[PDB]
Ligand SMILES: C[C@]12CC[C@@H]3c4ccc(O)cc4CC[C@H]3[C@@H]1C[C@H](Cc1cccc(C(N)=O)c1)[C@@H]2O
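Below, in structure tokens: the form deposited without the ligand, a single chain.
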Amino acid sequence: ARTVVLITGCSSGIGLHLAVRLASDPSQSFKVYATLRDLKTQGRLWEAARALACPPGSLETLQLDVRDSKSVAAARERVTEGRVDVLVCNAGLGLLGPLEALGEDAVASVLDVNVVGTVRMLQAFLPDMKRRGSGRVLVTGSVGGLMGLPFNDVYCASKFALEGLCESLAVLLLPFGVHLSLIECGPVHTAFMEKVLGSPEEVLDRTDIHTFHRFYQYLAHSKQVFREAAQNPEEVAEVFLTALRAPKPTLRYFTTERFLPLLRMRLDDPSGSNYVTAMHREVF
């Protein structure tokens, strides 16, 4: 049969690009379920599908809200093949600003979607793969899951959470035949990140003038590395296929090597002094 693939967070970003890259693979060996939390946003994905001319039936959109288990279960009730060969846990949202300026409900949604939502998908889909004795799970990581970044406290917390959650499962799954991989993405040409254009009073009336200024410094610095480092989504989506094809995949794949020198400083010094200091100067 075809390789049944299910991806979350396909309204934009690497998710959208990966769904159409799959559904349009010249080999026609992939049936793709692209999930959206809100179908009102499914336009971009279909305009793209038509642009690559994916054959009718290689791509289906499903409404799936990872915050709701009922929605997660329903989603799998819609997979006709009654099987999922590759599960891509991609849905994820960011959060940027001084910790104190961040609302509790916002901090809650991030963990809820990034971490708990990935747990929900795994709970619904892991059993069958373990029983069949095969399956592949790809989790969209980030370099923010490998090192902490100022003003991204809660975001990094959620990506770090994924590193721990996945490393633990991988230890158990090893003998079960099902493979879990994290694709470590650096900055990629996609909205939100690059589109960070604002910094309202809300921040200011919620923090000190000295933190705010540091924030301005960070946003400025972040705009520069994104300029010199953002990757094309097609290049990143390809890393997912390289991982998907691998006979015996590794736990991590990095879409770039550009951030590796900073990662070396990190475990060359476990007490964290070299890193905290280097990162401070590299930003401020």
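Definition used throughout: the rigid core is the maximal C-alpha set that superposes within 1.5 Å between two forms. For every residue, the number given is its place in the sequence shown, counted from 1.
The form solved in complex with the ligand is left out here; the points below concern that form.
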{"property": "Interface membership of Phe125, the ligand in the entry with it bound, 4.5 Å heavy atom rule", "result": "no"}
{"property": "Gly135, heavy atom within 4.5 angstroms of the ligand in the entry with it bound", "result": "no"}
{"property": "Partner contact for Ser142 in the entry with it bound: the ligand, 4.5 angstroms, heavy atom", "result": "yes"}
{"property": "Partner contact for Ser222 in the entry with it bound: the ligand, 4.5 angstroms, heavy atom", "result": "yes"}
{"property": "Per-stretch contact check against the ligand in the entry with it bound, the hit in 203 to 211, 98 to 106, 172 to 180, 143 to 151 (non-hydrogen atom, 4.5 angstroms)", "result": "143 to 151"}
{"property": "Answer option from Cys185, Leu87, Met129, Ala75, heavy atom within 4.5 Å of the ligand in the entry with it bound", "result": "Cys185"}
{"property": "Sequence-ordered list of residues in 192 to 225 near the ligand in the entry with it bound, where near means a heavy atom within 4.5 Å", "result": "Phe192, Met193, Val196, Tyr218, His221, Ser222, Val225"}
{"property": "Listed options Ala74, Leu99, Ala106, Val196; Cα moving by 2 angstroms or more between this form and the one not shown (core superposition)", "result": "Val196"}
{"property": "Note on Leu102-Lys195 C-alpha separation in the entry with it bound, which departs from the shown form by 3 angstroms or more", "result": "closer"}
{"property": "Shift in CA distance, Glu228 and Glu194, in the entry with it bound relative to the form shown here, given it is 3 Å or more", "result": "farther"}
